[PDB]
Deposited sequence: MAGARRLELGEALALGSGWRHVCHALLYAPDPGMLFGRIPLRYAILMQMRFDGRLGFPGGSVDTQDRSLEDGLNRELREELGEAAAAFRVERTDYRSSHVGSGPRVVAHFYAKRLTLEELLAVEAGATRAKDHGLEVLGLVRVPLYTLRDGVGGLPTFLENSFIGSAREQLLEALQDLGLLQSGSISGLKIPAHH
């Protein structure tokens, strides 16, 4: 299932790689003035009706995983994604058809993150591979179901659900 980046960097041509990024930004915002949002975190509704992360396939044209991640993101998200670069320091995990899924996480400013939302419609893949961007609600509502717990009952691509949870875990959100 899961493996080391070197372990997977080491692999024959019978494997290709994908790169995906969880973009996040602190948020002092408060739903209804009462419920702290904590962080804005983007996901995308994909062409198959499943929730996933931005990025995509890295191919022989790329000098590295990050060059392919950042290229995929310019195309999926638009020009606001070139305000920053995802680097190896933002890498998190690799997972295994015959595909290795690399996963990254990049802290943005709320301002940067908002610019990415604002420009996402003009992106090439908008209204095609990507049906739109959504933020992950990080709270649980007063009924004990609304919010994250219900968000987590949606359809997710691949291992995106588990990537999400691990990263939230690692943000101190359980």
Exercise for review: Counting from 1 along the deposited sequence, give me every gap where there's no C-alpha, start to finish.
Suggested key: 1-4, 101-103, 182-195
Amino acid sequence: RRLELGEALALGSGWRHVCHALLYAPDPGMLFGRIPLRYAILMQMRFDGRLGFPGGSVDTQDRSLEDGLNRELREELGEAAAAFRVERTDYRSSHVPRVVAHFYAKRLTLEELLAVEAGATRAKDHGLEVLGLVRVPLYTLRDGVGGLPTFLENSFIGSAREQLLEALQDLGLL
From here on, numbers count along this sequence of modelled residues.
Practice item. Read off the CA B-factors in the entry, average them over 9-17 and over 159-167, and name the higher stretch. Key: 9-17
Review point. Per the PDB record, is the mean Cα temperature factor higher over 60-68 or over 44-52?
Key: 60-68
**Study point:** 82, 86, 96, 77, ranked by C-alpha B-factor: the highest one
**Key:** 96
**Study point:** B-factor third for the C-alpha atom of residue 37 within its chain
**Key:** middle
**Study point:** Third of the chain's Cα B-factor distribution that residue 106 belongs to, per the entry
**Key:** lowest
Exercise for review: Select lowest, middle or highest to describe the third in which the CA B-factor of residue 112 falls within its chain in this entry.
Suggested key: middle
Point to revise | Within-chain third of residue 126 by Cα B-factor, per the entry | key: middle
